[PDB]
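Report on one structure; see the data block that follows.
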DNA sequence: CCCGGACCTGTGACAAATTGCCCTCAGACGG
DNA sequence: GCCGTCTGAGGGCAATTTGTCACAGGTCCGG
Ligand SMILES: [Ca+2]
Ligand SMILES: [Ca+2]
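Numbering (PDB author numbering), first residue to last: 15 to 49, 57 to 97, 109 to 141, 145 to 245.
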């Protein structure tokens, strides 16, 4: 199945995207890399890759596409829009999109890589961000270890405001997304908390391959 | 000494958002 | 040149997940 690769600058960028949008974004990076910024999406192909009906694919593409407008991307800083023209459909079952050409060098650069079958069952978009950030540190054999700062997680994944209260951070983000990765990917993941005084400051992740 | 305050934790509620499903009906084409 | 079928563009749903905050109970310090 298709092998996604992307510059680390994208793995660690600040942005907020939905799941359907992140799915499309993988195909855009794939199209661009296989060579102006103009990409294309087929309803029937999206449906087959991610196991949807054609109808639900259509719904997913259309709403994802109108939710890109006004969205911006920050590289740590410098801000860019994803799209510089609205999407449009020349043919039935076919969409044309215009990615910001200044983003191309940030897509292709110190890199992260994974096969698309690894992530296509994840549902929570914050868990997709987390799985991308672990892959950036993976060894050939399939293991790794990394320390991510809690303040940096909040900024980069643009977590919502009540998750700055740590018991809520634990309950609705950390525990749920570590559970998804262990249930929906071939990865097996564990963690431990680093503290300073009363405050918890980092999360230390270790993982191996099944 | 206590006591109140500034911190920290987990849980029960409720509100808003997202999920996979289901149904209708016209577009595009082949045979 | 018409119709039978495969698509996909629309309109919705209830059941779950995700986002928010009130309240109870831990600690340590300065007064
Ligand atoms: Ca969201
Ligand atoms: Ca959907």
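The beta carbon of each residue, even a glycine, is placed where N, CA and C say it ideally should be.
Heavy atom of ligand 2 less than 7 angstroms from the Cβ of residue 156, yes or no? no
Nearest-angstrom Cα distance between residue 57 and residue 133? 6 angstroms
Helix, strand or coil: which one does DSSP assign to residue 225? strand
Run of the beta strand (DSSP E) containing residue 17, from where it starts to where it stops: First-last of the beta strand (DSSP E) with residue 17: 17 to 21.
Quick test of your reading: residue 95 and residue 29, contact by CB under 8 angstroms. State the CB separation rounded to the nearest angstrom. 7 angstroms
What residues are listed by DSSP as bridge partners for residue 28? 95
Just to confirm, does residue 80 get its C-beta within under 7 angstroms of one of the non-hydrogen atoms of ligand 2? A heavy atom of ligand 2 is found nearer than 7 angstroms to the CB of residue 80.
Given 7 angstroms as the limit, tell me if residue 128 has its C-beta closer than that to any heavy atom belonging to ligand 1. no
From which residue to which residue does the beta strand (DSSP E) around residue 234 run? Where residue 234 is concerned, the enclosing beta strand (DSSP E) starts and stops at 234 to 244.
Kindly indicate which three-state DSSP category residue 194 falls into: helix, strand or coil? Correct three-state label for residue 194: coil.
Helix, strand or coil at residue 133 [DSSP, three-state]: helix
Counted within 10 angstroms of its Cβ, other Cβ atoms place residue 148 as buried (16 or more) or exposed: exposed
Comparing alpha-carbon positions, which option in 140, 222, 238 and 221 lies nearest residue 229? 238
Is it the case that the segment 189 to 203 contacts the segment 26 to 46, given that we only count it when at least three CB pairs across the two stretches are under 8 angstroms? Yes, the segment 26 to 46 is in contact with the segment 189 to 203.
Pick from 125, 75, 18 and 151: whose alpha carbon is nearest that of residue 219? 151
Quick check on residue 67: buried or exposed, where buried means 16 or more other Cβ atoms within 10 Å of its Cβ? buried
Given 7 angstroms as the limit, tell me if residue 88 has its C-beta closer than that to any heavy atom belonging to ligand 1. no
Confirm, please, whether the CB-CB distance from residue 146 to residue 21 is below 8 angstroms. yes
Check whether the Cβ of residue 197 sits closer than 7 angstroms to any heavy atom of ligand 1, and report yes or no. no
Tell me the rounded alpha-carbon separation between residue 245 and residue 207. Rounded to the nearest angstrom, the two C-alpha atoms are 26 angstroms apart.
Could you tell me the distance, in whole angstroms, from the CA atom of residue 119 to the CA atom of residue 158? If you take the alpha carbons of residue 119 and residue 158, they lie about 25 angstroms apart.
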